[PDB]
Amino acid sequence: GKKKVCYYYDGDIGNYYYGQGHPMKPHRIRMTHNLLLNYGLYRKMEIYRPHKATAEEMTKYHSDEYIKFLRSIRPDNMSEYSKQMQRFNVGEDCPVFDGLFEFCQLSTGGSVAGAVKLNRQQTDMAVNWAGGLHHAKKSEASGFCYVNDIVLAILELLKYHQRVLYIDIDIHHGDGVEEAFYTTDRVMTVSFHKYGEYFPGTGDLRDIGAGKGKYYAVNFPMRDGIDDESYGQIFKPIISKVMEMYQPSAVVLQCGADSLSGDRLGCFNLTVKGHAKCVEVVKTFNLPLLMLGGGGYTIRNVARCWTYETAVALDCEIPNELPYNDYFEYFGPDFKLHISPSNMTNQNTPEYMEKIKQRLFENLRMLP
């Protein structure tokens, strides 16, 4: 039936700025919030302002030196940290910007607070669109991510859940999360991503985990142009088999919107309905679920996507005609919620999709 949904948002999140020309735009979180408020989606959700996660909470995964660096570096003192900046990969993709640490604290706070709420059985679903920063490593920033809120949220869920399933539908491989849990069977990581001449270069079909974690990392490598039909045909069968074999007690779903058609950095062809079908599939298993954001670089489409996925979480039908909102002009020329796919060729033939699915099924047969 219909579930209780808790949503995490801090009104200051949209003011963090990565710099001119940087594709990562925290303002998309504020556009999402304003659109979902104007659709009236606040009437059915408990809205919470996340606390600022402490350096101590972040060191449950990240190194003390790395978190100390993030808490200390500022654009005005960067000159004195050239050595640490290289060591921690702070540069073009992961720049130093005003309020960087506070941005990490808010992104992380939402994810950890959502995990605590789920652990206490006070909600069925927890949503943090500011989270899902899946590339951050133990002592290194990567791919616009500095603190891995997902790993921290999973560590929190592991306090009450023996097995946690992580699913990542961002176009980029969820490498930081996969790496963090690569040698354990208490987390199964499943990533669907573009693979081949594409960041971060990891997520081959043959990367399946190591030691006690062997068979607990699942990667579905895809080519350009995947559409709703093709994605839908492999997502539900894979997730159903993973649910059957692994029997997780909690799920974390990274909803990176850069897998949508027309994304500035992505080359997939999903519509908002095709992307949201993943949320519908996961929600059907009736397990405690933490829904997170991630990529998404055509910001009007990210706001549409996450507003629709919040409506999906709430089992609320919302009209295609967009309500008036603070960013109404960004949704022209149509002013509709749903998007059309492009004429791009789907390089993922039906035979390729079935072959990769069958290889993943062989690996899933190896679970106990």
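The term rigid core refers to the most C-alpha atoms you can superpose between the two forms while keeping them within 1.5 Å. Quick note: we count residues from 1 along the sequence shown, nothing fancier.
> Given a rigid core fit, name the stretch, 90-98 or 288-296, whose C-alphas are on average farther from the form shown here in 9 other deposited structures of this protein.
Relative to the shown form, the greater RMS C-alpha distance in 9 other deposited structures of this protein belongs to 90-98.
> Using the B-factors recorded in the PDB entry, average over the C-alpha atoms of 340-348 and of 6-14, then report which stretch comes out higher.
It is 340-348.
> Going by the B-factors listed in the PDB entry, is the mean over the C-alpha atoms higher for 138-146 or for 76-84?
Per the deposited B-factors, the answer is 76-84.
> Checking the entry, which one of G131, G176, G296, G232 has the top C-alpha B factor?
Each of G131, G176, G296, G232 was compared by C-alpha B-factor; the highest is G232.
> Per the entry's Cα B factor values, which of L270, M245, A250, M222 stands out as the maximum?
Out of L270, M245, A250, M222, the record gives the largest C-alpha B-factor to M245.
> Which third of the chain holds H275 when residues are ordered by C-alpha B factor: lowest, middle or highest?
Its C-alpha B-factor, which the entry lists for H275, ranks in the lowest third among residues of this chain.
> Quick check for you: using the entry's CA B-factors within this chain, is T54 in the lowest, middle or highest third?
Highest third, going by the recorded CA B-factors of the chain.
> Considering every modelled residue of the chain and its Cα B-factor in the PDB entry, is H193 in the lowest, middle or highest third?
Lowest third, going by the recorded CA B-factors of the chain.
> Should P323 be placed in the lowest, middle or highest third of its chain by the C-alpha B factor in the entry?
Middle third - that is where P323 ends up once the chain's C-alpha B-factors are sorted.
> Should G332 be placed in the lowest, middle or highest third of its chain by the C-alpha B factor in the entry?
As the PDB entry reports it, the C-alpha B-factor of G332 lands in the middle third of its chain.
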